[PDB]
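Overview (structure and organization)
What follows is the residue order along each chain.
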Amino acid sequence: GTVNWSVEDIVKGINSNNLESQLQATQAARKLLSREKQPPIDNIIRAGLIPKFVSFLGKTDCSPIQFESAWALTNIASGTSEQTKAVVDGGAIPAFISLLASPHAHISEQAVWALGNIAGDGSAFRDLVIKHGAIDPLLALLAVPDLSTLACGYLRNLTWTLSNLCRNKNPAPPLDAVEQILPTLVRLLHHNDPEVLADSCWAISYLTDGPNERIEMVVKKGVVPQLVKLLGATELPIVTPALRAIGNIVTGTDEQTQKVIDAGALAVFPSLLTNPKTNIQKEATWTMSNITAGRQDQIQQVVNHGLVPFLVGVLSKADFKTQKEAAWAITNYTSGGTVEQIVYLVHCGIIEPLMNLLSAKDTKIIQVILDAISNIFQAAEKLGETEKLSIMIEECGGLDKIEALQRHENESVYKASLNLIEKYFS
Amino acid sequence: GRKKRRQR
């Protein structure tokens, strides 16, 4: 049949003056482009076939060739930027948007998929898909009373394509396009399918990856409680983007951070900060670092939820990248915390693991740690307890480590170390 | 995500 054609046979059929021969050849091309390994995308492009495929998208009378050509072009567009560009340069964008209204669901779905690949290439093609008017017809496909009536695979493809329209920066998507998509996104975030939920969270994570005004557009829709709920999901593909979005939101204002706290997020972090997946631990500690950078009453919520011992834990043992985020979390905590809060930190065991990290060959974490020590002494001076702290650091080998850092090449390191030695270790 | 190729 159409299994395993040569490119030149495909060309021969598509150049015939016979719509059925063209359909046969287009299907043969689709099967080449769908094969497991090394689909001959460039050979198909070089054969000049994209304009033919694009013209087949418009053949309302032959729905099968619309489908086969849509599938073929989707798989060309799934490749490199240059391959996606070839599809765009053939006029595919407006042709696919017209197919979103097709009465055949499998064709409309394929057009959704193709536009997701095109938009997923980057900012420019994303905004070009939007300028051609794709959002209106895409959202119209989801204007049903109950999303459960839609085919599962259909809804997943729609959610995935919408998330690509939210993706990428420099520039971020147009504000008006974000406002247009967000209400449907909030609704998908409440759908029961794990894959729809994962991609809805990715979309929100993209939209919160920016300045505070972008975060505000999302938080104002009231999605933070649902994000915290998904933060506790058992599916890692859901937790990962949900945590990224929460982490993005707490890089905003302290008022935006407070919405996350109010929603109950901190109760999830005992398991997140011990999660077996190192990337979850890292991003959970990163999130914590931008909560300890907030107000003293927000630091106090971290204390109340029992999370300071968990920060001691990750500082003591974790992937180094996670340990570096934990160091940041401690420096922010000691920078903004009360004296009582900093005292509590020391009583939880922070000093020893903090000192042990001074032998790391990363000059940035050393700066961060030395700042934290300085902040802790400042809290101790206020209590007249410098010596006790000085002794505690000595007993665990910290003084040896700080003494050597006077010999460090980095200027900040050897200034801060010498400053510490002079003031507190005499 | 980013891009997806359809295989079946």
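Counting of residues restarts from 1 for each chain and follows the sequence as written, so the numbers need not equal those of the entry; residues with no coordinates are not shown. Lettering of chains starts at A and numbering of ligands starts at 1, both following the order in which they are written. Heavy atoms from the whole structure form the basis of all side-chain values; hydrogens and water molecules are not counted.

Per the deposited record, determination of this structure is attributed to X-ray crystallography, with the resolution reported as 2.0000 Å.

This is how it is decided: UniProt positions are given in the numbering used here, feature names are shortened, and annotations may be inferred rather than shown by experiment.
Chain A appears in the PDB entry as Importin subunit alpha-1 from Mus musculus. The record for the entry shows the title "HIV-1 Tat NLS in complex with importin alpha". Turning to chain A, the UniProt annotation filed under Sequence similarities states: "Belongs to the importin alpha family."

Examining the overall build of chain A
Selection rule: Helix numbers and strand numbers start at the N terminus; a helix is a DSSP run of H or I with at least 4 residues, a strand a run of E with at least 2. Only C-alpha atoms enter the radius of gyration; for comparison, a globular chain is expected to reach 2.2 Å times N to the power 0.38, where N is the number of residues. Between two residues, a contact is recorded if the distance between any of their heavy atoms is within 4.5 Å. Only four residue types enter the charge count: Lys and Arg as positive, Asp and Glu as negative, with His and the chain ends excluded. Note that the charge is assigned to NZ on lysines, CZ on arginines, CG on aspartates and CD on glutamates.
Counting its secondary structure elements, chain A contains 28 helices and 0 strands. In summary, chain A has a C-alpha radius of gyration of 28 Å against a globular reference of 22 Å for 426 residues, an excess of more than 25%. Across its three principal directions, the C-alpha atoms of chain A cover 95 × 45 × 30 Å. Long-range pairs, those at least 24 residues apart, make up 68% of the contacts in chain A between residues at least 6 apart in sequence. Both charge centroids of chain A, one from 35 positive and one from 44 negative side chains, sit 5 Å from each other.

Points about the interface of chain A and chain B
When the parts come together, some accessible area is lost, and that loss is often what is quoted as the size of the interface. Cut-off, in case you're wondering: Once two parts are put together, the accessible area they lose, assessed with a 1.4 Å probe and summed over both, is termed the buried area. A pairing counts as a salt bridge when a side-chain nitrogen of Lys or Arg comes within 4 Å of a carboxyl oxygen of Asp or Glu. Any N or O atom pair separated by 3.5 Å or less is treated as a polar contact, with the protein-specific requirement of one donor-capable and one acceptor-capable atom, and with residues adjacent in sequence counted only for side-chain atom pairs.
Taken together, the contact pairs 27 residues of chain A with 8 residues of chain B. Across the chain A/chain B interface, buried area totals approximately 1,400 Å², and carbon plus sulfur atoms make up 42% of it. A per-residue breakdown of the area chain A buries against chain B is headed by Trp71(A), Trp113(A) and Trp160(A), which together make up 33% of the total. Across the chain A-chain B interface, the total number found is 1 salt bridge. Across the pair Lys3(B) and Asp121(A) runs a salt bridge whose closest N-O atoms are separated by 2.8 Å. In this structure, the connection of chain A to chain B is made through 16 residue pairs in polar contact. Of all the elements in the fold, those that place two or more residues in the side of chain A that touches chain B are helix 5 (63-77), helix 6 (81-89), helix 8 (105-119) and helix 11 (152-165) of chain A. A per-element tally of the side of chain A that touches chain B places helix 5 of chain A first, with 5 residues.

Brief notes about the side chain of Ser102(A)
Residues and elements named next belong to chain A. Applied cut-off: Relative accessible area decides the class of each residue, using a 1.4 Å probe on protein chains only: under 20% of the type maximum gives buried, over 50% gives exposed, and in between gives partly exposed.
By the secondary structure assignment, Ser102 is in the loop between helix 7 (92-99) and helix 8. Given a relative accessible area of 16%, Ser102 falls into the buried group. A distance of 3.0 Å separates a polar side-chain atom of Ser102 from the backbone nitrogen of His104. With near-sequence residues (within four places) excluded, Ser102 lies in contact with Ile107 and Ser108.

Remarks on the packing of aromatic side chains
Residue and element names in this part refer to chain A. Counted only if it meets this: Each aromatic pair joins two rings of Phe, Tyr and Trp (for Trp, the six-membered one) with centres within 6.5 Å, and gets the label stacked for planes under 30 degrees apart, edge-to-face for over 60, and tilted for any other angle.
Scanning the entire structure with this criterion turns up 4 aromatic pairs over all chains. Ring plane angle 90° and centroid distance 6.0 Å describe the contact between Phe377 and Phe425, whose orientation is recorded as edge-to-face. With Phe377 in helix 25 (residues 363-381) and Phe425 in the segment after helix 28 (411-424), this residue pair connects regions lying 48 residues apart in the sequence. Each of the two residues, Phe377 as well as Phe425, counts as buried. An aromatic cluster of three or more residues is present, and its members are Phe377, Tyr424 and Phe425.

Notes on helix 23 (residues 339-347) of chain A
All names here are of chain A. Note the cut-off: Working note: the arc is built from the helix axis to C-beta atom directions.
Looking only at helix 23, the buried set comprises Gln341, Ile342, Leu345 and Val346. Projected onto a plane normal to the axis of helix 23, the buried residues spread over an arc of 145° and lie on a single side. In helix 23, those exposed residues whose orientation departs by more than 90 degrees from the buried face are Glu340 and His347. Once helix 23 finishes, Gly349 follows within two positions and takes phi at roughly 100°, a positive value.

Considering the packing of helix 15 (residues 224-231) of chain A against helix 16 (residues 236-249) of chain A
Residue and element names in this part refer to chain A. Note the cut-off: The axes are straight lines fitted to the C-alpha atoms, using for helices just the contacting stretch, and the angles between their N-to-C directions are given from 0 to 180°. Geometric relationships in this document are graded by angle, where less than 35 degrees denotes roughly parallel, more than 145 denotes roughly antiparallel, 65 to 115 denotes roughly perpendicular, and other angles denote oblique. What makes a crossing left-handed is the near helix being turned counterclockwise from the far one by less than a right angle; a clockwise turn instead makes it right-handed. Any residue that is not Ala, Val, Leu, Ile, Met, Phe, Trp, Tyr, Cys, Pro, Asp, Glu, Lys or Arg is counted as polar, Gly included; the first ten are nonpolar and the last four charged.
The N-to-C vectors of helix 15 and helix 16 enclose an angle of 135°; their axes lie 8 Å apart at closest approach. With respect to helix 16, the element helix 15 is oriented oblique. Here helix 15 and helix 16 pass one another in a crossing that is left-handed. Contact residues: helix 15 offers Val224, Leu227, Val228, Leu230 and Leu231, while helix 16 offers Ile238, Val239, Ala242, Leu243, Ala245, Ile246 and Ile249. Along the lines of polarity and charge, the residues of the contact of helix 15 with helix 16 split into 12 nonpolar, no polar and no charged.

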